[PDB]
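See below for the structure under consideration.
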Amino acid sequence: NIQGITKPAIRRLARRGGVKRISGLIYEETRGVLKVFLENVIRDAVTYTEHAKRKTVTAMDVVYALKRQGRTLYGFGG
Amino acid sequence: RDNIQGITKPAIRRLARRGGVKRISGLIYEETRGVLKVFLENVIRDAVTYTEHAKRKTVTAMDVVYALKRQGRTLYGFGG
Amino acid sequence: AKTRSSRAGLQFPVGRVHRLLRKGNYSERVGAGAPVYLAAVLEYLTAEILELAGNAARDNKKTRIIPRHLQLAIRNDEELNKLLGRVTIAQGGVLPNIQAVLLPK
Amino acid sequence: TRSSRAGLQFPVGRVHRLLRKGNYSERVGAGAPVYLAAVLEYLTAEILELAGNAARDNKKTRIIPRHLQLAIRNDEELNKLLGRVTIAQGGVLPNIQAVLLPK
Amino acid sequence: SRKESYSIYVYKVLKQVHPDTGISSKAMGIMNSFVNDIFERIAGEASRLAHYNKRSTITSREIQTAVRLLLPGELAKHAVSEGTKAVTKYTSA
Amino acid sequence: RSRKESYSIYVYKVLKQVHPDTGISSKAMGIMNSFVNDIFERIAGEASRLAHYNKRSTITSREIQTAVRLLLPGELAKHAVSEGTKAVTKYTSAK
Amino acid sequence: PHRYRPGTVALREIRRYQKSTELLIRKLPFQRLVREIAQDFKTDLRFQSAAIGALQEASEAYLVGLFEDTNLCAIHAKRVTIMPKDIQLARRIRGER
Amino acid sequence: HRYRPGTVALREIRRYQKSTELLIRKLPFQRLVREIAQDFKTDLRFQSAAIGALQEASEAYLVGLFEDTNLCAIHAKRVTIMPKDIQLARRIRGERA
DNA sequence: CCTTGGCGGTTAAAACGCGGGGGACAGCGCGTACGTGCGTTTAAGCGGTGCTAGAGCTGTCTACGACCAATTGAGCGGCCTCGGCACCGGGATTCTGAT
DNA sequence: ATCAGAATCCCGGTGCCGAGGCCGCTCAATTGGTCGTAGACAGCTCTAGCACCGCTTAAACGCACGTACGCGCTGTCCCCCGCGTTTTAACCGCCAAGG
């Protein structure tokens, strides 16, 4: 869930994100931003899957979805 | 000639004020000219390339709109 | 009634809409009723823009629409500005944006 | 294919069929598919030339997606090409800011 | 020749929305560009999604889901609601 | 059952030409396929736009030649244009 | 003849610029700048007035947006005056170098 | 023993910017994605490749956002980031209105 | 057959508590250029004005491209036994901090 | 300067799993021949654009008056990490199995 993400996950994300230290409110803000980004991608991906009238959300659906926002992801049949 | 520095100081001051700026540094104008040099370079190069495709030495108002649409700066009210 | 738009309760020409879809290298075939739906959607968008565009024009005691009012209407609304975030409208200017530190105490 | 007689590694006929499949235009000249194949081949050759040297840098022979990502991010024109396109298992080149370093 | 325009169509849209509000030629071109670029976006998405479906034709549900994906949520939903009535009226008549 | 098309051995042979003692992984073949297909998608879209904007139907070598100078930076685009023109001349002169 | 403290007429000028929509920059200097910029790529060119006006409008809009981002950065750093390092911060994050 | 503050964090930055290990584990991320997708349709199967693509895209974008946020925070002579820093980083690109 | 479901469990991933002492932050001093006014310079706004260029449009000739009809060999689907690095055993050398 | 306390990288042994080597394949690329429609050589044109040129009152360069914000200085507040010690879980290690 949104609250299931742990502190060291965001800490190591910041470590790969070039941030040496992040405050307490950064944990909540990062969870919110990650959740809204996930919903933004998932809306398009699930809508594409529904238009195909199929249950299993294929990986290629993200490539079709992230193409709309110009952030296409390679390696999944592009 | 020397038209890069020929842009009047209050014009860039007006542009800074339109960006909601109350105190404007003296180097802001120079930085604005320096950035706008490349900003115009890219778009004009794309437009001239579009014109050069069609054996044209004159830029039409449609080619600029086409280049802006490709780049992601589509302009309204000017056709295209 | 002869035009296909009369039978669909619209006024966009279905023939013109389908003409670009055919001679635009979009697909092998395009539907005939699909242009009706697309024209309905486009007309709804035009009416939606015109509502607040005319409201803004009337509020300034300038009945004739000027591009400044169009820009204000487009960028003031959340949905319209979200659609046209990277879009600049001719002779429209920019949104009045004054923060707290700019205004003197 | 016809790429052998044209001195090109990437076959041209696949490019021609790719152009035909998408219905991007009613007709395409003969020079466009060979030119497109040549451009794609040159770009792939440059990328693989960078990737092979990158693999040799770490005393290695195999290439994983990380090597390709680092090769793309090393150059500036290629980084401009892949400015806002994400690569799976790519990552980011290491970058440590100065003010973060202890004094 | 005869370049097709939306001038009379824009006139009628105003007469259906703001009959007493005037329009300038600049606003005419702005509205023309708006209709044109939204049309291009929807048509391009329809072409891409038709290529995704291994199909050579475009249906109505394809256009509805294109509107849902592209246009903003509330705006897209209202557009779909207004377009379904038009599709039903066209089909029945 | 459909047999798709990829750049599995194409990329491997090009890498062999540029680096004979250099391997590649299973994921990298698919990633290279996606990369080249995306580049081709951009190039085809630009060719269609150039043909339609100039009121044309046949996309000759010149449309792609101009689209490369837009897609690639001036110097890299110049190299790509030179290689493509060489390939076009070789194709036209040969059978 | 009287003088007010700084920050009085500056806000008046800001509101005057924002309220209106006409291009503040004079047409001729910017069109000559565009001519000089274009002369570097291809020589002996002719430029339509509408195209140059479109380029001017796009440049002004982009510069105003960049200056708004610069203002956001300046307020972020507990300041009001804008300096070029704000523009450097904004452009790299935007992705335009 | 107790090191000087900040050195361990930079060492972690250096070792993570060169490693290909997944920072976010698959199970909580998959459960959150499933719960988010269930707001519209229930029992939505997601592929392993689809989940991998989602986590890779999220990590790449959020790492870029942290880099921009660190740039903003450093630009204000600060190291630990703030929600104002995140707001500026997200607003600079143009995603935030 | 590519996806779903269940069932157990453990060291890597991570969770409460002491204490930090450098990092974050409020406030105080100080210097100089930026706000604000006008004096005076300016090539730009606006209007003529002469010329004219090359692209829009059209007559006209049409070359190679989509396609019919047919054809063949190599990249992909699928195998298989061996090698370049996965992975760890155990070692020397460079940092990081305390002194 | 001057010491250790552990941190992380390299050499070597183990080995293993997929990367390529390689065979069958079938369809996709090649291509003889055929007819065509925007493509293109060439011409008519014709007005918006190129370019110059003159007049003038609104905008800009200069510059003083001064003072407040950016930078510096002094001091103060305290907090996610570093670690210690403890926490409990994502995926390994297994199966069935179904839509």
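Each chain in the structure tokens gets a letter, A, B and so on, in the order shown; residues start at 1 in every chain, and ligands are counted from 1 in the order they appear.
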
**Request:** Name the residues in contact with residue G:87 at a cut-off of 9 Å, using only C-alpha atoms (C1' of nucleotides), excluding same-chain residues fewer than 2 positions from it; report them as a list in words.
**Result:** residues 28, 31 and 32 of chain B; 66, 67, 69, 70, 73, 82, 83, 84, 85, 89, 90, 91 and 92 of chain G

Could you write out the selected residues, including C-alpha atoms, as a short mmCIF file (atom, residue, chain, number, x, y, z; two decimals), in the first residue's frame?
```cif
data_model
loop_
_atom_site.label_atom_id
_atom_site.label_comp_id
_atom_site.auth_asym_id
_atom_site.auth_seq_id
_atom_site.Cartn_x
_atom_site.Cartn_y
_atom_site.Cartn_z
CA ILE B 28 19.94 39.12 -15.50
CA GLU B 31 22.01 36.03 -18.93
CA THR B 32 18.70 36.53 -20.73
CA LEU G 66 11.40 31.16 -17.38
CA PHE G 67 11.35 34.39 -15.36
CA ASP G 69 10.38 29.95 -12.61
CA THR G 70 13.30 32.21 -11.67
CA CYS G 73 13.57 29.81 -7.24
CA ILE G 82 16.70 37.37 -9.21
CA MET G 83 20.25 36.45 -10.22
CA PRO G 84 21.49 34.18 -13.02
CA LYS G 85 22.09 31.17 -10.77
CA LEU G 89 18.89 26.04 -11.50
CA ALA G 90 15.62 26.23 -13.44
CA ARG G 91 16.94 25.40 -16.92
CA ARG G 92 18.82 22.23 -15.93
#
```

**Prompt:** What lies within 9 Å of residue G:5 using only C-alpha atoms (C1' of nucleotides), ignoring chain neighbours under 3 positions off, as an MDAnalysis selection string?
**Reply:** (chainID G and resid 8:9) or (chainID I and resid 35:36) or (chainID J and resid 66:67)

Can you list, as a tab-separated table (two decimals) with N, CA, C and O atoms, in the first residue's frame, every protein, DNA or RNA residue that comes within 9 Å of stretch 86-89 of chain D when you count only C-alpha atoms (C1' of nucleotides), leaving out same-chain residues fewer than 4 positions away?
```
chain	number	residue	atom	x	y	z
A	71	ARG	N	7.38	9.75	-22.01
A	71	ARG	CA	8.34	9.08	-21.14
A	71	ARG	C	8.33	7.58	-21.42
A	71	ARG	O	8.29	6.75	-20.50
A	72	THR	N	8.37	7.22	-22.70
A	72	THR	CA	8.31	5.82	-23.11
A	72	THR	C	9.47	5.02	-22.51
A	72	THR	O	10.61	5.48	-22.46
A	73	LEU	N	9.16	3.81	-22.05
A	73	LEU	CA	10.13	2.93	-21.41
A	73	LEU	C	10.55	1.85	-22.40
A	73	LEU	O	9.71	1.14	-22.95
A	74	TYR	N	11.86	1.73	-22.61
A	74	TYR	CA	12.42	0.77	-23.54
A	74	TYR	C	12.43	-0.64	-22.93
A	74	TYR	O	12.27	-0.83	-21.73
A	75	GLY	N	12.64	-1.63	-23.80
A	75	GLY	CA	12.82	-3.00	-23.37
A	75	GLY	C	11.56	-3.82	-23.21
A	75	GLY	O	11.65	-4.96	-22.74
A	76	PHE	N	10.40	-3.28	-23.57
A	76	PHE	CA	9.13	-3.98	-23.42
A	76	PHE	C	8.33	-3.91	-24.72
A	76	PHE	O	7.15	-3.57	-24.74
D	65	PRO	N	22.27	-4.32	-19.90
D	65	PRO	CA	21.66	-3.00	-20.13
D	65	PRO	C	22.37	-1.84	-19.45
D	65	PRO	O	22.31	-0.71	-19.95
D	66	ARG	N	23.03	-2.09	-18.32
D	66	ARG	CA	23.76	-1.03	-17.63
D	66	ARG	C	24.85	-0.45	-18.52
D	66	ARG	O	25.04	0.78	-18.56
D	69	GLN	N	23.26	1.79	-21.10
D	69	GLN	CA	22.79	3.03	-20.48
D	69	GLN	C	23.95	3.99	-20.21
D	69	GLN	O	23.85	5.19	-20.48
D	82	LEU	N	18.33	10.73	-26.13
D	82	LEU	CA	17.54	10.09	-25.07
D	82	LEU	C	17.44	11.01	-23.85
D	82	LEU	O	17.93	10.71	-22.76
F	31	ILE	N	16.25	-4.66	-25.74
F	31	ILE	CA	16.36	-3.22	-25.52
F	31	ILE	C	16.85	-2.52	-26.78
F	31	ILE	O	16.37	-1.44	-27.13
H	20	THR	N	23.14	-2.08	-9.63
H	20	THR	CA	21.94	-2.35	-10.40
H	20	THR	C	20.85	-3.04	-9.58
H	20	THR	O	19.85	-3.49	-10.15
H	21	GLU	N	21.02	-3.13	-8.26
H	21	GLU	CA	20.03	-3.79	-7.42
H	21	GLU	C	18.76	-2.95	-7.31
H	21	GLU	O	18.81	-1.71	-7.35
H	22	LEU	N	17.62	-3.62	-7.17
H	22	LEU	CA	16.34	-2.94	-7.06
H	22	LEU	C	16.22	-2.31	-5.67
H	22	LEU	O	16.35	-3.00	-4.66
H	52	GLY	N	7.72	-4.83	-13.30
H	52	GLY	CA	9.10	-4.38	-13.41
H	52	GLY	C	9.22	-3.07	-14.16
H	52	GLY	O	9.99	-2.19	-13.76
H	53	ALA	N	8.47	-2.91	-15.24
H	53	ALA	CA	8.46	-1.65	-15.97
H	53	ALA	C	7.94	-0.52	-15.09
H	53	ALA	O	8.50	0.59	-15.09
H	56	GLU	N	10.63	0.35	-12.50
H	56	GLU	CA	11.77	1.01	-13.13
H	56	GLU	C	11.44	2.45	-13.50
H	56	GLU	O	12.24	3.36	-13.24
H	57	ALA	N	10.26	2.68	-14.09
H	57	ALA	CA	9.87	4.04	-14.45
H	57	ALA	C	9.72	4.91	-13.22
H	57	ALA	O	10.18	6.06	-13.19
H	60	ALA	N	13.24	5.71	-11.82
H	60	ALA	CA	13.98	6.66	-12.64
H	60	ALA	C	13.43	8.08	-12.48
H	60	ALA	O	14.18	9.03	-12.23
H	61	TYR	N	12.10	8.23	-12.59
H	61	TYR	CA	11.51	9.55	-12.44
H	61	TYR	C	11.74	10.12	-11.05
H	61	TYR	O	12.05	11.31	-10.90
```

Give me the residues near stretch 89-102 of chain C as an mmCIF file with N, CA and C atoms, in the first residue's frame, where near means some atom within 6 Å (using only C-alpha atoms (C1' of nucleotides)) and where sequence neighbours in that chain fewer than 6 positions away do not count.
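To be explicit, this is the file written out as result-v1.cif:
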```cif
data_model
loop_
_atom_site.group_PDB
_atom_site.id
_atom_site.type_symbol
_atom_site.label_atom_id
_atom_site.label_comp_id
_atom_site.auth_asym_id
_atom_site.auth_seq_id
_atom_site.Cartn_x
_atom_site.Cartn_y
_atom_site.Cartn_z
ATOM 1 N N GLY B 20 7.003 38.333 -12.998
ATOM 2 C CA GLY B 20 6.752 38.564 -11.586
ATOM 3 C C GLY B 20 7.996 38.797 -10.756
ATOM 4 N N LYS B 22 10.420 41.632 -8.789
ATOM 5 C CA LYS B 22 10.434 42.967 -8.201
ATOM 6 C C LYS B 22 11.817 43.606 -8.197
ATOM 7 N N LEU B 75 2.017 27.249 -31.541
ATOM 8 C CA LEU B 75 1.496 28.599 -31.394
ATOM 9 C C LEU B 75 0.122 28.697 -32.038
ATOM 10 N N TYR B 76 -0.749 29.485 -31.419
ATOM 11 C CA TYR B 76 -2.131 29.599 -31.847
ATOM 12 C C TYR B 76 -2.324 30.829 -32.731
ATOM 13 N N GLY B 77 -3.423 30.825 -33.483
ATOM 14 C CA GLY B 77 -3.867 31.989 -34.221
ATOM 15 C C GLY B 77 -3.047 32.355 -35.439
ATOM 16 N N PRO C 67 -7.717 38.491 -28.222
ATOM 17 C CA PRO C 67 -6.915 37.310 -27.849
ATOM 18 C C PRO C 67 -6.473 37.298 -26.395
ATOM 19 N N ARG C 68 -6.368 38.466 -25.755
ATOM 20 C CA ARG C 68 -6.029 38.506 -24.337
ATOM 21 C C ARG C 68 -7.079 37.789 -23.498
ATOM 22 N N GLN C 71 -6.666 34.073 -23.911
ATOM 23 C CA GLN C 71 -5.545 33.564 -23.125
ATOM 24 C C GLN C 71 -5.902 33.475 -21.648
ATOM 25 N N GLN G 18 1.635 43.326 -16.838
ATOM 26 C CA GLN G 18 0.857 42.091 -16.789
ATOM 27 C C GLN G 18 -0.567 42.298 -17.297
ATOM 28 N N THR G 21 -1.607 43.099 -22.960
ATOM 29 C CA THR G 21 -1.184 41.941 -23.734
ATOM 30 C C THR G 21 -0.299 42.282 -24.924
#
```

**Request:** Could you pull out the residues in stretch 10-75 of chain H that DSSP calls helix (DSSP H, G or I) from the backbone, as a ChimeraX atom specification?
**Result:** /H:10-16,26-37,48-75

Could I get the residues of chain A with an atom no further than 8 Å from an atom of chain E, each paired with its nearest atom pair and that distance in Å to one decimal, using only C-alpha atoms, sorted by chain and residue number, as JSON lines?
```
{"residue": "A:44", "atom": "CA", "partner": "E:69", "partner_atom": "CA", "distance": 6.4}
{"residue": "A:47", "atom": "CA", "partner": "E:69", "partner_atom": "CA", "distance": 7.4}
{"residue": "A:51", "atom": "CA", "partner": "E:65", "partner_atom": "CA", "distance": 7.0}
{"residue": "A:52", "atom": "CA", "partner": "E:53", "partner_atom": "CA", "distance": 7.4}
```

Store the residues picked out above in a file with N, CA and C atoms, as a compact mmCIF listing (two decimals), in the first residue's frame.
```txt
# COMPACT_ATOMS: atom_id res chain seq x y z
N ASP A 44 -3.66 5.38 -17.43
CA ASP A 44 -3.48 5.15 -18.86
C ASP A 44 -3.26 3.68 -19.16
N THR A 47 -6.52 1.75 -18.67
CA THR A 47 -7.48 2.11 -19.71
C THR A 47 -7.13 1.45 -21.03
N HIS A 51 -9.49 -1.27 -23.01
CA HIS A 51 -9.91 -1.13 -24.40
C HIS A 51 -9.68 -2.42 -25.19
N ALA A 52 -8.66 -3.19 -24.81
CA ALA A 52 -8.41 -4.49 -25.42
C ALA A 52 -9.30 -5.59 -24.87
```

**Request:** Choose the residue, out of C:2, C:36, C:83, C:69, that has the smallest atom-to-atom separation from chain G; count only C-alpha atoms.
**Result:**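 Nearest candidate to chain G out of C:2, C:36, C:83, C:69: C:69.
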
**Message:** Using only C-alpha atoms (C1' of nucleotides) and a cut-off of 12 Å, which residues of chain A sit close to chain J? Please list them as a PyMOL selection string.
**Reply:** chain A and resi 4+6-8+11+20-27+55-56

Store the residues picked out above, limited to C-alpha atoms, as an mmCIF file, in the first residue's frame.
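Done, and the output landed in again.cif:
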```cif
data_model
loop_
_atom_site.group_PDB
_atom_site.id
_atom_site.type_symbol
_atom_site.label_atom_id
_atom_site.label_comp_id
_atom_site.auth_asym_id
_atom_site.auth_seq_id
_atom_site.Cartn_x
_atom_site.Cartn_y
_atom_site.Cartn_z
ATOM 1 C CA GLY A 4 3.653 -0.106 3.222
ATOM 2 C CA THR A 6 9.463 1.743 4.477
ATOM 3 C CA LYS A 7 11.884 4.475 5.539
ATOM 4 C CA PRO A 8 15.066 2.814 4.151
ATOM 5 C CA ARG A 11 16.445 6.714 2.060
ATOM 6 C CA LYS A 20 22.487 13.284 1.309
ATOM 7 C CA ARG A 21 19.712 13.744 3.900
ATOM 8 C CA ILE A 22 15.909 14.063 3.819
ATOM 9 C CA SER A 23 13.681 15.361 6.609
ATOM 10 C CA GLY A 24 10.658 13.782 8.272
ATOM 11 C CA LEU A 25 8.069 15.516 6.081
ATOM 12 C CA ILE A 26 10.064 14.338 3.053
ATOM 13 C CA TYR A 27 8.939 10.763 3.774
ATOM 14 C CA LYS A 55 -7.811 -9.219 -17.913
ATOM 15 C CA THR A 56 -4.010 -9.503 -17.683
#
```

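Around residue D:6, within 10 Å and counting only C-alpha atoms (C1' of nucleotides), the residues found are residues 1, 11, 12, 34 and 38 of chain D; 86, 87, 88, 89, 90, 91, 92, 93, 94 and 95 of chain F, once anything fewer than 5 positions away on its own chain is removed.
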
Can those selected residues be exported to a file as a PDB file, in the first residue's frame so that it contains N, CA and C atoms?
```pdb
ATOM      1  N   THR D   1      19.251 -10.570 -48.784  1.00  0.00           N
ATOM      2  CA  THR D   1      18.556  -9.318 -49.059  1.00  0.00           C
ATOM      3  C   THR D   1      19.392  -8.410 -49.958  1.00  0.00           C
ATOM      4  N   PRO D  11      19.434  -5.268 -43.092  1.00  0.00           N
ATOM      5  CA  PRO D  11      18.703  -5.466 -44.350  1.00  0.00           C
ATOM      6  C   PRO D  11      17.703  -4.345 -44.604  1.00  0.00           C
ATOM      7  N   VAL D  12      17.605  -3.941 -45.872  1.00  0.00           N
ATOM      8  CA  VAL D  12      16.735  -2.826 -46.236  1.00  0.00           C
ATOM      9  C   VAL D  12      15.283  -3.278 -46.327  1.00  0.00           C
ATOM     10  N   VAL D  34      16.662   2.695 -47.998  1.00  0.00           N
ATOM     11  CA  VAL D  34      18.096   2.446 -47.901  1.00  0.00           C
ATOM     12  C   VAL D  34      18.768   3.527 -47.061  1.00  0.00           C
ATOM     13  N   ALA D  38      20.677   2.904 -43.573  1.00  0.00           N
ATOM     14  CA  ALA D  38      22.041   3.383 -43.378  1.00  0.00           C
ATOM     15  C   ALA D  38      22.163   4.221 -42.110  1.00  0.00           C
TER      16      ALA D  38
ATOM     17  N   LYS F  86      25.800   7.940 -49.208  1.00  0.00           N
ATOM     18  CA  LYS F  86      26.649   6.897 -49.776  1.00  0.00           C
ATOM     19  C   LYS F  86      25.854   5.623 -50.035  1.00  0.00           C
ATOM     20  N   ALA F  87      25.016   5.222 -49.075  1.00  0.00           N
ATOM     21  CA  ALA F  87      24.208   4.019 -49.257  1.00  0.00           C
ATOM     22  C   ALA F  87      23.223   4.175 -50.411  1.00  0.00           C
ATOM     23  N   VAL F  88      22.601   5.350 -50.534  1.00  0.00           N
ATOM     24  CA  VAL F  88      21.650   5.581 -51.618  1.00  0.00           C
ATOM     25  C   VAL F  88      22.349   5.519 -52.970  1.00  0.00           C
ATOM     26  N   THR F  89      23.515   6.159 -53.088  1.00  0.00           N
ATOM     27  CA  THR F  89      24.254   6.111 -54.346  1.00  0.00           C
ATOM     28  C   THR F  89      24.685   4.687 -54.674  1.00  0.00           C
ATOM     29  N   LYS F  90      25.119   3.931 -53.663  1.00  0.00           N
ATOM     30  CA  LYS F  90      25.516   2.546 -53.891  1.00  0.00           C
ATOM     31  C   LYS F  90      24.332   1.702 -54.348  1.00  0.00           C
ATOM     32  N   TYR F  91      23.158   1.921 -53.750  1.00  0.00           N
ATOM     33  CA  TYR F  91      21.966   1.181 -54.150  1.00  0.00           C
ATOM     34  C   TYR F  91      21.539   1.536 -55.569  1.00  0.00           C
ATOM     35  N   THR F  92      21.601   2.823 -55.927  1.00  0.00           N
ATOM     36  CA  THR F  92      21.172   3.240 -57.258  1.00  0.00           C
ATOM     37  C   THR F  92      22.136   2.754 -58.333  1.00  0.00           C
ATOM     38  N   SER F  93      23.442   2.817 -58.065  1.00  0.00           N
ATOM     39  CA  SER F  93      24.418   2.380 -59.058  1.00  0.00           C
ATOM     40  C   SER F  93      24.367   0.870 -59.263  1.00  0.00           C
ATOM     41  N   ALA F  94      24.132   0.112 -58.195  1.00  0.00           N
ATOM     42  CA  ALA F  94      24.101  -1.342 -58.276  1.00  0.00           C
ATOM     43  C   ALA F  94      22.710  -1.807 -58.706  1.00  0.00           C
ATOM     44  N   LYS F  95      22.477  -3.114 -58.641  1.00  0.00           N
ATOM     45  CA  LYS F  95      21.192  -3.689 -59.022  1.00  0.00           C
ATOM     46  C   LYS F  95      20.329  -3.942 -57.790  1.00  0.00           C
TER      47      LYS F  95
END
```

**Request:** Considering only C-alpha atoms (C1' of nucleotides), return as number ranges by chain whatever protein or nucleic-acid residues lie within 10 Å of residue F:77, sequence-local ones (same chain, fewer than 6 positions apart) excluded.
**Result:** D: 39, 43, 77; F: 65-71, 83

Sorted by chain and rising residue number, list the residues of chain B at most 8 Å from chain F (counting only C-alpha atoms), each with its closest atom pair and distance in Å to one decimal, as CSV.
```
residue,atom,partner,partner_atom,distance
B:46,CA,F:70,CA,6.4
B:49,CA,F:66,CA,6.9
B:50,CA,F:66,CA,7.4
B:53,CA,F:66,CA,5.9
B:54,CA,F:54,CA,7.2
B:66,CA,F:53,CA,7.9
```

Mind listing as a JSON list (two decimals) with N, CA and C atoms, in the first residue's frame which residues of chain C are within 12 Å of chain F, counting only C-alpha atoms?
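File written: selection15.json
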```json
[["chain", "number", "residue", "atom", "x", "y", "z"],
["C", 20, "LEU", "N", -9.79, 14.32, -44.13],
["C", 20, "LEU", "CA", -8.42, 14.31, -43.63],
["C", 20, "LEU", "C", -8.03, 12.92, -43.12],
["C", 23, "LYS", "N", -7.37, 10.95, -46.52],
["C", 23, "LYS", "CA", -6.17, 11.44, -47.19],
["C", 23, "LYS", "C", -5.20, 12.08, -46.20],
["C", 24, "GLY", "N", -4.89, 11.37, -45.12],
["C", 24, "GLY", "CA", -3.90, 11.84, -44.17],
["C", 24, "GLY", "C", -2.96, 10.75, -43.71],
["C", 25, "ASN", "N", -3.04, 9.59, -44.37],
["C", 25, "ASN", "CA", -2.17, 8.44, -44.08],
["C", 25, "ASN", "C", -2.28, 8.03, -42.61],
["C", 26, "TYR", "N", -3.52, 7.98, -42.12],
["C", 26, "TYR", "CA", -3.81, 7.60, -40.74],
["C", 26, "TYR", "C", -4.06, 6.11, -40.59]]
```

**Asked** With only C-alpha atoms as the basis for distance, which of A:3, A:17, A:70, A:77 is at the shortest distance from chain B?
**Response**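 Among A:3, A:17, A:70, A:77, it is A:70 that comes nearest to chain B.
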
**Request:** Name the residues in contact with stretch 17-19 of chain C at a cut-off of 12 Å, using only C-alpha atoms (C1' of nucleotides), excluding same-chain residues fewer than 3 positions from it; report them as a ChimeraX atom specification.
**Result:** /C:4-5,11-14,22-27,29-40,42 /E:4-6,35-36,39-40,42-43,58

Take the residues from that selection and put them in a file with C-alpha atoms, as a PDB file, in the first residue's frame.
```
ATOM      1  CA  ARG C   4     -25.018  13.850 -42.453  1.00  0.00           C
ATOM      2  CA  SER C   5     -24.589  16.429 -39.677  1.00  0.00           C
ATOM      3  CA  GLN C  11     -22.924  21.244 -37.556  1.00  0.00           C
ATOM      4  CA  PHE C  12     -19.334  20.194 -38.212  1.00  0.00           C
ATOM      5  CA  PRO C  13     -19.157  18.753 -41.757  1.00  0.00           C
ATOM      6  CA  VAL C  14     -18.719  14.993 -41.440  1.00  0.00           C
ATOM      7  CA  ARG C  22      -8.769   9.286 -45.395  1.00  0.00           C
ATOM      8  CA  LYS C  23      -6.169  11.439 -47.188  1.00  0.00           C
ATOM      9  CA  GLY C  24      -3.903  11.840 -44.167  1.00  0.00           C
ATOM     10  CA  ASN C  25      -2.174   8.443 -44.078  1.00  0.00           C
ATOM     11  CA  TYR C  26      -3.809   7.602 -40.744  1.00  0.00           C
ATOM     12  CA  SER C  27      -5.213   4.112 -41.389  1.00  0.00           C
ATOM     13  CA  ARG C  29     -10.074   2.582 -43.298  1.00  0.00           C
ATOM     14  CA  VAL C  30     -11.900   4.937 -40.941  1.00  0.00           C
ATOM     15  CA  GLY C  31     -15.476   4.702 -39.724  1.00  0.00           C
ATOM     16  CA  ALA C  32     -18.423   6.771 -40.895  1.00  0.00           C
ATOM     17  CA  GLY C  33     -20.079   7.263 -37.499  1.00  0.00           C
ATOM     18  CA  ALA C  34     -16.765   7.830 -35.745  1.00  0.00           C
ATOM     19  CA  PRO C  35     -16.381  11.301 -37.360  1.00  0.00           C
ATOM     20  CA  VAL C  36     -19.826  12.132 -35.948  1.00  0.00           C
ATOM     21  CA  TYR C  37     -18.639  11.332 -32.421  1.00  0.00           C
ATOM     22  CA  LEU C  38     -15.354  13.187 -32.941  1.00  0.00           C
ATOM     23  CA  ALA C  39     -17.198  16.252 -34.264  1.00  0.00           C
ATOM     24  CA  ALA C  40     -19.575  16.129 -31.291  1.00  0.00           C
ATOM     25  CA  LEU C  42     -14.875  18.896 -30.754  1.00  0.00           C
TER      26      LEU C  42
ATOM     27  CA  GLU E   4     -12.037  24.981 -46.281  1.00  0.00           C
ATOM     28  CA  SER E   5     -12.414  27.012 -43.092  1.00  0.00           C
ATOM     29  CA  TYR E   6     -14.476  26.976 -39.900  1.00  0.00           C
ATOM     30  CA  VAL E  35      -9.979  22.660 -33.341  1.00  0.00           C
ATOM     31  CA  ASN E  36      -7.202  21.671 -35.753  1.00  0.00           C
ATOM     32  CA  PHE E  39      -8.402  16.999 -34.169  1.00  0.00           C
ATOM     33  CA  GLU E  40      -4.816  16.041 -35.018  1.00  0.00           C
ATOM     34  CA  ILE E  42      -7.390  12.552 -31.541  1.00  0.00           C
ATOM     35  CA  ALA E  43      -6.768  11.271 -35.076  1.00  0.00           C
ATOM     36  CA  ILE E  58     -11.708   2.841 -36.359  1.00  0.00           C
TER      37      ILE E  58
END
```

**Asked** For chain H, which residues have at least one atom within 10 Å of chain D, if we go by only C-alpha atoms? Write them as a PyMOL selection string, please.
**Response** chain H and resi 4-7+9-11+13-22+52-57+59-61+63-64+67+70-71+74+77-80

**Request:** Kindly provide, as a PyMOL selection string, the residues of chain F having any atom no farther than 7 Å from an atom of chain A, counting only C-alpha atoms.
**Result:** chain F and resi 30-31+34-35+37-38

**Message:** For a quick test of understanding: name the residues of chain D lying within 9 Å of chain I when counting only C-alpha atoms (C1' of nucleotides), and present them as a PyMOL selection string.
**Reply:** chain D and resi 1+26-30+60-62

Residues as selected, C-alpha atoms, written as a short mmCIF file (atom, residue, chain, number, x, y, z; two decimals), in the first residue's frame, can you do that?
```cif
data_model
loop_
_atom_site.label_atom_id
_atom_site.label_comp_id
_atom_site.auth_asym_id
_atom_site.auth_seq_id
_atom_site.Cartn_x
_atom_site.Cartn_y
_atom_site.Cartn_z
CA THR D 1 18.56 -9.32 -49.06
CA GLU D 26 0.78 6.08 -49.95
CA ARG D 27 4.19 5.71 -51.63
CA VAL D 28 7.84 5.92 -50.60
CA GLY D 29 10.81 6.29 -52.94
CA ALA D 30 13.52 3.67 -53.22
CA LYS D 60 34.74 -7.65 -19.56
CA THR D 61 33.34 -9.07 -22.82
CA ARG D 62 29.56 -9.29 -22.24
#
```
